[PDB]
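Listed below are the residues making up each chain.
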Amino acid sequence: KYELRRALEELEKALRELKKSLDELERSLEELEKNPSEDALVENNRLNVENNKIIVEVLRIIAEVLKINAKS
Amino acid sequence: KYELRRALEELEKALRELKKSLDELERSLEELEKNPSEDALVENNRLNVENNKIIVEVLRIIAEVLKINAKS
Amino acid sequence: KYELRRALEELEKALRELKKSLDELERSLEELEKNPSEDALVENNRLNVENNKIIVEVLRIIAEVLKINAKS
């Protein structure tokens, strides 16, 4: 079952990165609301796109797990 | 199988919240495009971050379901 | 097992759309950082919301797969 175990471990790793990304995104939003500006908006958008990027990777891993389970 | 049932029910609940969040996000975007401004942009970013926040929660639940299925 | 196969095929299709959306989102971000403005920010937000929209659809499909596996 190592194929599945490895996939779930990679999922765990990606979710940890996703959480860190989300934390930074939320911090940026709080600062943006306090002191808004074009620069702060661009910064926040950057971090939002980065969060979406990791979400896409997490979804890829989940799809892989589902395919492993299906051939099983 | 209650562990799995409960997880899938929680998934359903989170997805409903996610849909409401997305609806509000889309409404905000439409208003932003009609009448853009720094304030409207900050508001839209707020709702986008909130949507990402719920997505992360949904992904957590999915990971839990996959772990339940794996020990099964 | 066609129910599951069809769901996984639909998942694959949605993930391909998600990747294209993400690529366009990243391109927009790069241009935004190079030449920022209110218009560019609105454009980037539009593409970010669109990416979230597809993510929600992908999560729906994943939930369906998990429900198929559960009744199985």
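Residues numbered from 1 in each chain as written, not as in the entry; some residues may be left out. Chains lettered and ligands numbered in written order. Heavy atoms only, no water.

Looking at the entry header, you'll see X-ray crystallography listed as the method and 1.640 Å as the resolution.

Peer 1: So what's going on with the overall build of chain A? Residues and values would help.
Peer 2: Counting its secondary structure elements, chain A contains 2 helices and 0 strands. Taken along its principal axes, the extent of the C-alpha atoms in chain A is 55 × 15 × 10 Å. Pairs at least 24 apart in sequence give 68% of the contacts found in chain A among residues at least 6 apart. Surface accessibility of chain A: about 3900 Å² in total, with carbon and sulfur atoms responsible for 46%. With 14 positive and 17 negative side-chain charges, chain A shows a separation of 9 Å between the mean positions of the two kinds. (Helix = DSSP H or I, 4+ residues; strand = E, 2+ residues; numbered from the N terminus. Contact = heavy atoms within 4.5 Å. Areas by Shrake-Rupley, 256 points an atom, 1.4 Å probe, with all protein chains shown as cover. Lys, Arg positive; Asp, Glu negative; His and termini not counted. Charge placed at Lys NZ, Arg CZ, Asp CG, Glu CD.)

Peer 1: Tell me about the relation of the copies chain C and chain A, and please be specific about residues and values.
Peer 2: Superposition record for chain C on chain A: RMSD 0.0 Å, screw rotation 120°, translation along axis 0.0 Å. The relationship between the two copies is best expressed as a three-fold rotation axis. (Least-squares fit on C-alpha atoms.)

Peer 1: Go over the packing of helix 2 (residues 38-71) of chain A against helix 1 (residues 2-34) of chain C, please, and point to the residues and values.
Peer 2: Direction vectors running N to C along helix 2 of chain A and helix 1 of chain C enclose 160°, while the axes themselves pass 10 Å from each other. Here helix 2 of chain A lies roughly antiparallel to helix 1 of chain C, going by the angle between them. Pair helix 2 of chain A / helix 1 of chain C crosses with left-handed handedness. Residues A:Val42, A:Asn45, A:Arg46, A:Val49, A:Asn52, A:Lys53, A:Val56, A:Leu59, A:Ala63, A:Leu66 and A:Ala70 of helix 2 of chain A lie in contact with helix 1 of chain C, whose contacting residues are C:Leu4, C:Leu8, C:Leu11, C:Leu15, C:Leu18, C:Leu22, C:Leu25, C:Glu26, C:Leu29, C:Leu32 and C:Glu33. Its residues placed into classes, the contact of helix 2 of chain A with helix 1 of chain C shows 16 nonpolar, 2 polar and 4 charged. (Axes fitted to C-alpha atoms, helices over the stretch in contact; angles between N-to-C directions. Parallel < 35°, antiparallel > 145°, perpendicular 65-115°, else oblique. Left-handed = near helix turned anticlockwise from the far one by under 90°. Nonpolar A, V, L, I, M, F, W, Y, C, P; charged D, E, K, R; others polar.)

Peer 1: I'd love a proper account of the interface of chain A and chain B, names of residues and values included.
Peer 2: Chain A puts 27 residues into the contact, and the matching count from chain B is 16 residues. Overall, the association of chain A and chain B removes approximately 1800 Å² of surface from exposure, summing both partners, and the carbon and sulfur fraction of that is 75%. The interface formed by chain A and chain B includes 1 salt bridge. Among the ionic pairs, B:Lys53 bridges to A:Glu26, the shortest N-O distance being 3.4 Å. Remark: the boundary between chain A and chain B carries 6 residue pairs in polar contact. Those elements giving two or more residues to the side of chain A that touches chain B turn out to be helix 1 (2-34) and helix 2 of chain A. (Buried area = accessible area lost by both parts, 1.4 Å probe. Salt bridge = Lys/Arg side-chain N within 4 Å of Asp/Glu carboxyl O. Polar contact = N/O pair within 3.5 Å; in protein donor to acceptor, adjacent residues only side chain to side chain.)

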